[PDB]
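Accompanying notes for the structure given below.
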């Protein structure tokens, strides 16, 4: 519940990727294929979003 | 004098690059431009030739 | 460390935020050098960065961040530690703890404040990634 | 080490020939992370590989190769050492010594066999590359 406002504040593609990793427990490759971006782009978005959430929590 | 037979045994481009580095004291970039190959290719040839000479000396 | 496998590498840098980028680069260079599943490597890289960032943010002045990457056949073990200003850098139930437990197969901590001098300030985190 | 600059990194691996490839990769990853002239970096990479190869070839069983890369504004200092089976891994006038002195601006060695146990077996080489 605490994370929800913070997730809505994330850029939209950051949020989708974060939720698919930590709520749906998809691998980064499965997330890459689902969103239609590269594996490296998924890792970049995860790193970015975790860095934002790290300082709000 | 000891190195000369061993240098003649080197592949021809390995020898040219080794001599330009250690006798003419050219930088690896200057060697790259002189021989007409890439900087990375010069480092690869130097590493290879030093590895051969390392075990004959 | 002797229990470490023959391909282990220990890295030590000043526990300073300026060195986090160097740590990410070196950890990535090692993973590429290794055999585990790619998805496991990508998760482990994120977890090691989380560990290193939290340790260095809590590090005492002049502390050293000590990072061991031990690639084994079965698994990869990564251990990170530094002298810190708190007895627990990743508290149970914290967001950080949940992130680490999602990204690694096993997460363990170590700390013994009974030790005198700087050893009693050390806090460590060990991550294990299998298959 | 305290005299080391804040961006220094110490690497430790088993002093085994199987780890020379990992050492070359990590040293290259660090140089790219640094500021010195490219020609100086390429020479230094070759010299560090020569140092590491000669140390590991002479290493005692179960020795550790300890490598410090200290990037400073003026210069980069690289120090490598391991417990070895000889008092001098790069003899004066040897081909190895001439290679190192051509590739680095300064080459120095250290060894004190008077020390007991494994410390008395340690041989080290320090390379310095400027500008």
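Each residue's number is its place along the chain shown, starting with 1.
Any Cβ shown, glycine's included, is placed from N, Cα and C.
Here is what Swiss-Prot records for this protein:
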BINDING   D:92, D:93, D:94, D:95, D:96  ATP binding site
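Shown here: features listed in Swiss-Prot, placed on the structure.
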residue: D:92; record: ATP binding site; Cβ neighbours (10 Å): 8
residue: D:93; record: ATP binding site; Cβ neighbours (10 Å): 7
residue: D:94; record: ATP binding site; Cβ neighbours (10 Å): 14
residue: D:95; record: ATP binding site; Cβ neighbours (10 Å): 18
residue: D:96; record: ATP binding site; Cβ neighbours (10 Å): 20
So which of the binding-site residues D:92, D:93, D:95, D:96 end up next to chain B, with Cβ to Cβ under 8 Å? D:95, D:96
For the recorded ATP site, whose residues are D:92, D:93, D:94, D:95, D:96, find every other residue on that chain with a C-beta no more than 8 angstroms from the centre of their C-beta atoms, and list them by sequence position. D:90, D:91, D:97, D:98
Per DSSP, three-state class assigned to residue D:95 (ATP binding site): helix
